[PDB]
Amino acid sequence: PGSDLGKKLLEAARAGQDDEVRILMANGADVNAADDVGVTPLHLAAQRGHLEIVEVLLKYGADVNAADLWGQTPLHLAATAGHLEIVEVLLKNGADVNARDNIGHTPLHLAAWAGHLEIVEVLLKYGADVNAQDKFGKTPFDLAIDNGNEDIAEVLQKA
């Protein structure tokens, strides 16, 4: 019942269970708990789009640039998935805007690839490197052209 608070919290943040997260935090759960792969509650709440849990985890000091084994940070996850407000928040809490997953993607890379204009715009505003290259030498520009997202391309051009 009070065993394995860290797993229980990971689960709750994956499942968007706000009331369970509240309890677990107020009752001692490690806010930076991590499974075998370095996945943390904040990675899971960022990926699955659960904002209230994201806000709360950061107020108890969730490490905002924690890195899983695939070099992903919650910022990459939220930026891949399209969660604009969550991106906004992680940036306001000092998320490393030019962080690298293991293919050398930056969240700008990910966001242009996946067709999230407003998230791009917001990453540019917080200091994203437009020329940065993945390990296959692509740029967020290319990736955006690969995928057919002209307006994103049009944008990246201007910086």
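The numbering used is simple: start at 1 and walk along the sequence shown.
Enquirer: Name the higher of the two by mean Cα B-factor in the PDB entry, 105-113 versus 124-132.
Expert: Taking the mean B-factor of the alpha carbons in each, 124-132 is higher.
Enquirer: 14-22 versus 133-141: which one carries the higher mean Cα B factor per the record?
Expert: The entry gives the higher C-alpha B-factor average to 133-141.
Enquirer: With respect to C-alpha B-factor, does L42 fall in the lowest, middle or highest third of the chain as deposited?
Expert: CA B-factor rank for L42: lowest third.
Enquirer: Taking the entry's C-alpha B-factors for this chain, is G94 in the lowest, middle or highest third?
Expert: Tercile = highest for this residue's CA B-factor.
Enquirer: According to the PDB entry, is the CA B factor of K8 in the bottom, middle or top third of its chain, that is, lowest, middle or highest?
Expert: Lowest third - that is where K8 ends up once the chain's C-alpha B-factors are sorted.
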